[PDB]
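Proteins come first, then strands; the chains are lettered A, B, ... in the order of their sequence lines, and each starts at number 1.
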There are 2 protein chains.
Amino acid sequence: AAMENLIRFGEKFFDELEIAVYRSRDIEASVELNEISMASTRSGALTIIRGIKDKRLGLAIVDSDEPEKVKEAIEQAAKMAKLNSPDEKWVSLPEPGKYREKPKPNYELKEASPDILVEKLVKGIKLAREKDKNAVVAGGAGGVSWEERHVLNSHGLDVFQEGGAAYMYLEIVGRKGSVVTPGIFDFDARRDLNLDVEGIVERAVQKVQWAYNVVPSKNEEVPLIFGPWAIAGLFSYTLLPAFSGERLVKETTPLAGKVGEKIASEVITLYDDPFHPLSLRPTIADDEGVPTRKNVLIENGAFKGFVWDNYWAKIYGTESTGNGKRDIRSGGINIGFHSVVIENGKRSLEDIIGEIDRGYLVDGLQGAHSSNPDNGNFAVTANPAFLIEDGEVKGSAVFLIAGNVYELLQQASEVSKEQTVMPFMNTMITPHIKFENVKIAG
Amino acid sequence: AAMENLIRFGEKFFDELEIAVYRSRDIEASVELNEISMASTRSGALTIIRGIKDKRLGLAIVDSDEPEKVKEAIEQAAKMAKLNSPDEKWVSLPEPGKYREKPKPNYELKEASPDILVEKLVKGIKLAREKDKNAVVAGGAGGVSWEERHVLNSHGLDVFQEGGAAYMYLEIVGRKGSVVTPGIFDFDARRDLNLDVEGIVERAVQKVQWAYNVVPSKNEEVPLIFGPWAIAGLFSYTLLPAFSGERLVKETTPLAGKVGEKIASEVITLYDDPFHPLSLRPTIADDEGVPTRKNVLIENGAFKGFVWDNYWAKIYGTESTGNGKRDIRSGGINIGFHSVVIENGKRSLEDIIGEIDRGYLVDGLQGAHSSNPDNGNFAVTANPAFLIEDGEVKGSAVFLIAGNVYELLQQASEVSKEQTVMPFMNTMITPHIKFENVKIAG
């Protein structure tokens, strides 16, 4: 009954306090230039204290869960709070809430050996070589991450959950003649150890084949099929920030006052839900213990509302939607997403590509870029991108896409049937999206 | 005799192996918008194993120094070696060498409390408001790091050292009319806890005073006085990589074949020496145990030679210069620097500014930038920068500097008397540098 006594101890110095304990075990392995370059195993604990006294906040962090270290951190936070000035906008920490039912943890990922990762990377090297004798795995990595979080506060909130996720990516470079392709990245992420290295290699090697044939690009107006990585990049930098209630309070979201209005084509449905079947982290509570839920942001093209954490919700007058995420370096809470889902459609990507007379498959946005989430404006470089002519991919190309994400979203005519989990940055679950007649500059 | 027995254990699977144990204790504190936002304490141990069998390399990492964990890591590395193909360019690990004398550790940094950092930040906030009621400490941080490293290998190399360093920076923003200044950064770094927060606040607040008066910039040819932060950024991105022996072997340095040629003005002497009086880390050995030394890179404008680690030196036929640095994520060895020193001059910055009819003091390079270390080409945004007219600073400005770092180095006419330690990027110990007739674009 340690943490119970620690809250009692903290209540001597604070009006209210929160204790969050994080535990993890991570295994990783790396490949450099067709050699396994590293395997590692890490595990540890981290405790964060947020204490408030007369609306003055103290926050202390220690990389331990032993009660003496946690007591020291409570004292650290109290001393900081006594040095801080009051935050008049502070109201209170979250109250206990009703949580969805916890899923069963995937304990095989709590005991996984780094050998699993090493062997999947070795297999990827061998498969890539078999499929194209000049294909090289220039870089790659795999990881398995097990996480536990215990959150409690002086208002009676206790929530605990643990679970794991695994991921792998390969970067493949080809050489045919004197052409060297750019690095082609592909990946897999899931909640079990059967990482699909075969699929990674097949897709990456296919895109290398196409990239052996560079074709010039011109100024034109053409359909673009965005892949998951390009969608994640563009939307994370230009669109998702607009859904934050903090920007509503600060008058920096172009979506203010547009609830119920059409901001995208009816083809687009976008929501945040950790309980989606492909989610890597089916968490029932956010990082300050508020229950998570399905938050619909765009419903059949119509803007539905904003996401909130405790602090900004109470400043505004509403309730948190369970979107308080822990800042990795500072230890504070900020508004963020759990699993951003774009709903899928009915036909395969191959059906959609087969019907394009002239167009581009945009797989990544590797290149010079700028974005402004205050109005949605953007300028990106499509790379890698592949020209489609008469329903067939003809080669690789580079071009510029400049415009506005809201205008672009209105050009969406279809979303493919499959969904891909993007593990990096914001976790995003998305299909391919076809946009009609985008103006591109060569 | 734990680690010697671990070496004997490793010799059953490997022709040769190295064991490196890192231990550290780090405390940090942060400020956001005139509030202390965080204090943290972290400590831990890390062991890296590099084993070679028939020129096949295995590398494993575990976040512990306990003998059982290290034994597991050796087995991990052995399994990786048997999966890898031989590196024909591999020759051997370093032999034992003769080290300079170890300085006595600065033990006061080994157990410092985050309270020290918190109070220096509180004092900085108070000083900033006292000196300018409209000055806000938008961001800042302090840190103390205590590090211990033990390296040994099967050829009989064993070296151990421990020591600590501390740093602090503040970012100060002013508001006078409806003009808000850009973030003005200043810092201090040293091997004791007497961090100079007074000096940081004085310099930053003075620059904020100047930044209240924005003045437009035009295309012209004018002298520039680069400060330590701008020198560190520019040189770390465009110049220092060219001194790497790996790039000499791979033919990607413009300095191939140029030993003895004047690549800079005679005013410039640049060298690598961890035993410099202002060095934060007086290390006697690099991360693979090779003895550390003074490496002169530019002597009175003349290019002297390249820096080497063990692996690339033996490929070329030379010897390591003690410049093998441990990669923070991969655990491998890469060529890097310890403390890059630019030799100082005889007169104060204040004397030098007093003689400029029209010019600029360039303090930061915050803005769009590109660089090519393969030829030294660069394009940066000078920001914050301050206009000098008839020996007096008149206000702040933003302009572009594009060109080639070697051409720029030929323009160096003098260096100030003081030397500042830059803790960020490559640790750099440098004065201000006055460059004659630089072409700038408004």
- Task: For side chain to side chain contact (heavy atoms under 4.5 Å, CB included), just list the numbers for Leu46(B) and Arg42(A), CA-CA rounded to whole Å, side-chain angles, deciding distance to a tenth of an Å, and then say yes or no.
- Result: CA-CA 9 Å; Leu46(B) 184 102; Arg42(A) 298 170 179 258; 4.0 Å; yes

For chain B, find which of [options] contributes the most heavy-atom pairs closer than 4.5 angstrom.
options                                  : result
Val62(A), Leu59(A), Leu83(A)             : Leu59(A)
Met80(A), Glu119(A), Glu72(A), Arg329(A) : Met80(A)
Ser64(A), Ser43(A), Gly332(A)            : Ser43(A)
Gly331(A), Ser30(A), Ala141(A), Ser37(A) : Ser37(A)

Please say whether more than 12 non-hydrogen atoms of neighbouring residues, nucleotides or ligands are located less than 6.0 Å from [atom1] in [X].
X         : atom1 : answer
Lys69(B)  : NZ    : no
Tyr167(B) : OH    : yes
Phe378(A) : CZ    : yes

- Query: chain B heavy atoms under 4.5 Å from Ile49(A): which part of the residue, side chain, backbone, both or neither?
  - Reply: neither

- Query: Is it the side chain or the backbone of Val118(A) that comes within 4.5 Å of chain B heavy atoms, both, or neither?
  - Reply: side chain

- Message: If the contact rule is any heavy atom under 4.5 Å from chain B, which residues of residues 126-133 of chain A qualify, in numerical order?
- Response: none

- Note on the structure: Among residues 20-29 of chain A, residues within the sub-4.5 Å heavy-atom range of chain B, in order of number, are none

- Query: How many angstroms lie between atom CD of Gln76(B) and atom CG of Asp115(A), to the nearest 0.5 angstrom?
  - Reply: 5.0 Å

- Item | Straight-line distance of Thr41(A) OG1 to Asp63(B) CG, nearest 0.5 Å | 8.0 Å

Minimal non-hydrogen separation, [X] against [Y], with atom names:
X         : Y        : value
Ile36(A)  : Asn84(B) : N-OD1, 2.8 Å
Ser330(A) : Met38(B) : O-CG, 3.4 Å
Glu35(A)  : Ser85(B) : OE2-OG, 2.5 Å

- Message: Restricting to ring-ring contact (aromatic ring centres under 6.0 Å, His included), what partner residues turn up for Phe13(A), sequence neighbours left out?
- Response: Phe9(A)

- Task: Taking side chain to side chain donor-acceptor pair (under 3.5 Å) as the test, write out the residues that go with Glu251(A), two or more places apart.
- Result: none

